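Colleague: Got a structure for you, written out below as structure tokens; questions coming shortly.
Virtual Cβ from ideal backbone geometry, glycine too; neighbours counted across all protein chains shown. Nothing in this text is a laboratory measurement; each read-out follows from the coordinates by a stated rule.
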Number of protein chains: 2
Amino acid sequence: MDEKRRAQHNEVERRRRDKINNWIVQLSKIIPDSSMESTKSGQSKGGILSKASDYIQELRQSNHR
Amino acid sequence: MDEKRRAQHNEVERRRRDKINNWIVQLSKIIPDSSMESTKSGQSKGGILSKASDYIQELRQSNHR
DNA sequence: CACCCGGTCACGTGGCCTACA
DNA sequence: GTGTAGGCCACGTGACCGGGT
């Protein structure tokens, strides 16, 4: 029953990126952004990064460390 | 022909590509003295997110949550 | 020095949506 | 209606560590 162990495949990587998916979703929702509108608001944080960054600079700057 | 109407996108895709690694460190730095050690080149992303999720959590707590 | 290793990074593909002319 | 160039996002490869036994 040919079942190679060559398993430095599918399970390995998306475990990574997938990780980076749940830290971004923070900012996005929690960073009032410029993410347009059309039918039921489903477009992404590459329409956020635009805004995102902003609050954070002007939040470190004036107060943290 | 269906020439190049996507082959351009090849270049134009790295466009936001280095939207996604340059807006990365650049923003991804004013928060906590990291250092993941670099060289003539050198890795970086991930954590900056994860740690800027708890300061995000303290000065997002801003108003005073 | 020896390689089997996870780790993570990018960069190059498609596909899925959306407006405009 | 009637296709353009454009938006993003999801997966792949393949560099390149660091590191064990």
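Colleague: Which pairs do you get when a residue that is more than 7 Å from DNA strand C (Cβ to nearest atom), found in segment B:1-23, comes within reach of a residue that is of a type outside the set (S, T, N, Q) and part of a loop (DSSP other than H, G, I, E, B), reach meaning Cβ atoms under 9 angstrom, with the pair 6+ apart or on two chains?
Modeller: Final answer for the pair search is B:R16/A:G46; B:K19/A:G46; B:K19/A:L49; B:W23/A:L49; B:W23/A:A52.
Colleague: Do we find that B:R15 is outside any loop (DSSP other than H, G, I, E, B) and within 10 Å of DNA strand D (Cβ to nearest atom) in this structure?
Modeller: yes
Colleague: Let me ask something else about it. Go through segment B:32-62 and count every residue that is within 12 Å of another protein chain (Cβ to nearest Cβ), more than 21 Å from A:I20 (Cβ to Cβ) and loosely packed, with under 15 Cβ neighbours inside 10 Å.
Modeller: The total comes to 4.
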